[PDB]
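Look below for two forms of one protein chain, each set out as structure tokens: first structure 1, then structure 2.
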Structure 1
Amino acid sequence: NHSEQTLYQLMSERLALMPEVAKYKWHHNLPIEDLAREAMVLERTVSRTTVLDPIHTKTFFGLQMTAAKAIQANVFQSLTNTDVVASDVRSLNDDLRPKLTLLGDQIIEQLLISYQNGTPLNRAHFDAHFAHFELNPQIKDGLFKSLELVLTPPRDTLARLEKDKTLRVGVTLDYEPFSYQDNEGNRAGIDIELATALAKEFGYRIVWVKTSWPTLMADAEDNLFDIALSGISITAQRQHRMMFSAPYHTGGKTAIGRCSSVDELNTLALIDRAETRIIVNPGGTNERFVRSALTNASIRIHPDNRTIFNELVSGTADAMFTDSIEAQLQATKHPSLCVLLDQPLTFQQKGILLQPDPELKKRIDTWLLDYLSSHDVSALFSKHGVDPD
């Protein structure tokens, strides 16, 4: 209630000063971007948010910075042939930036307060609050989802692993390119290789445990696995009772359907009509998206994520919302299929699902962050069919 609004008010007061920032920079022929300042503000923030997850915190303040630079670039458009004068500008260093610094610190204070009091968040309130800002949907989505994860606050799994050296890894094997079976029928994909490298680092052997999108969290709650990987989206709902690793992929949801359909389905407004038959796989973020985002289209839940795309080819449904990486893979695999939208509508990251053991999470992240620094995922991604655009 109270904290949520205050949080939104402070975030909006910052963005509202950004036209003034852009005018000063336009006057002094400065660029929007200033990496010095960005770095420094992000260290200041990290050091001041110790009790909060530092990945979620950096993503949240990171997307505020993106939003702010997008507003600046909109102003830049409007300034091209103007005569800005001293009289028209406000001081960047004595006026605006002090104000922005104060607001940032007040946002941190509200974060910590909300984090300790279990302030609940409402997407409708957020939407209403930021509706007038001139911001692409993914960035708006990102701000809300990241704020949700920041504000989300125990097993002895690592202790057991250290004794038995046997890592039980949950996989769905129904999401190419993350986890699937190859034409010999062996487990394959990004997440098979990542889990193999994690096990190797810790000197564990892997036991593979089959799970599903409908039974993921019950399986996790019953401790049927230690970790799980299969392109699993990081969500505040899934961090109710489990934990995640650092993210290893960033994207979000788009739509796929037939190329012969594109000119009638190339916008969310065109997709969400009662004519349109939506198909979706049960029990994960695809389902939770289409149930929340659509008001008109009909919604069929198809049992098997492996054969769902054939329904679009066959003409028994018209569109599916899924992750951008999956849509682009399936649009390459199927001549008749096309990505329908120009860009994704949501912000979402993939991570390793973990039993809630702090010490497990700590070790896994240390490994993962280092691993990502050193290879490109890009190449692992590309080996399982993912065009590195």
Structure 2
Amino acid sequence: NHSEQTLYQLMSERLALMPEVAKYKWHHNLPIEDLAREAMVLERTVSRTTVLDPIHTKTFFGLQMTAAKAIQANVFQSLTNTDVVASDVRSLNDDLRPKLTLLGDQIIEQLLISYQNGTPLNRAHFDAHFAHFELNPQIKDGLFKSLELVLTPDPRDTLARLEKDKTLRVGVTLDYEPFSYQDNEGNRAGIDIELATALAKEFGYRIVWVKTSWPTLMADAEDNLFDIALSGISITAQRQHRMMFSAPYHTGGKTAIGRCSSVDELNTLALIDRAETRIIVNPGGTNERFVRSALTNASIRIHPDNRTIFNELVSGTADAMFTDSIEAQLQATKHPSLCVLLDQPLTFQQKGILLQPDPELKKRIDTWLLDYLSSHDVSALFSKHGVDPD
């Protein structure tokens, strides 16, 4: 598959110039991050990728920039002592950035080609291609994940209906927390309950709360049981083939949680994926897909109810669960006996609102959400629900 290998090669070419960018910046005592350059590159790209989703394209380009900076910081570390041979430094503006701008545009052509042909991405080819880069797994995962979303495209008249009846049917799971759940008073609570309410208020809508779940989520969506759904729903490619997504409202990735008393025997992916480790997981969502793809040796227990699954780690019946880092960090605080077992997340994942596939609904919801993330303290809402703002 020419198209895919060509796209991966052009991305590695971009990353391969970055030691040279770092030598220049080291020599001139310049920071790694140049935000003005970043914005110029991002705006050029979105204006040349209009047929692609702009949020996905910016995430994909942003992650290449994040990969580029990590590489540059690898080099900065090297250059303590060593130093740049000052006679070797290559011009950032005359030499290096024109080349990056050119690669930029070639990457764009190839995205357009892959999109049009419906290039089926192979995660195994990506990995083989990028394995040699000194880049942490989250960055490498984001590179592939956002690329895949950029490359996936039967709509509904959801907005038309809503503008008549003003009745926003909002699908919730009530098993996640901090996103959606019940207090021990019984009432719906979460980041997503409040998000959904603020969205209703500002559109002039009333909410019917429809109960869904991870195993029936997409089935419930295809049957048109809700109009949107919020419950810390991961934005994935598979979901986006059938449904739509808002702008992302949280960025993270999967980590491990287990008992503090076990952490030395479990603080590595290698140490966790052994025969003797018992993995517990909730059915039907990104937790399940992850551990099915990520693990070869560990036996996996399905635990149907996500509100009670952490009790199995506490009690000793399972050893580790892979889940969203924001969940792991909340449960590590709720339960003193538990700790997050890994240094850093293994994956890249964002939370977005699931939408029925109506592009006008998406435009309007995206406009509001991004306004909201600008204009209201999102930090304090997360925090209000037990999320340490870090």
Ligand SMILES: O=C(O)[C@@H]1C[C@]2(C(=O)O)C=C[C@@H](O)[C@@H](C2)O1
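Residue numbering: sequential along structure 1, first residue numbered 1. If you superpose the two forms and keep the largest set of C-alpha atoms that fall within 1.5 Å, you have the rigid core.
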property	result
Panel number for the form deposited with the named molecule bound	2
Residue among 334, 363, 27, 58 whose Cα moves 2 Å or more between structures 1 and 2, once the rigid core is superposed	27
Post core alignment: residue 90 C-alpha displaced by 2 Å or more between structures 1 and 2	yes
Post core alignment: residue 81 C-alpha displaced by 2 Å or more between structures 1 and 2	yes
Following rigid core superposition, Cα shift of residue 117 between structures 1 and 2 in Å	1.0
Distance the CA of residue 183 travels between structures 1 and 2 [rigid core superposed, Å]	1.2
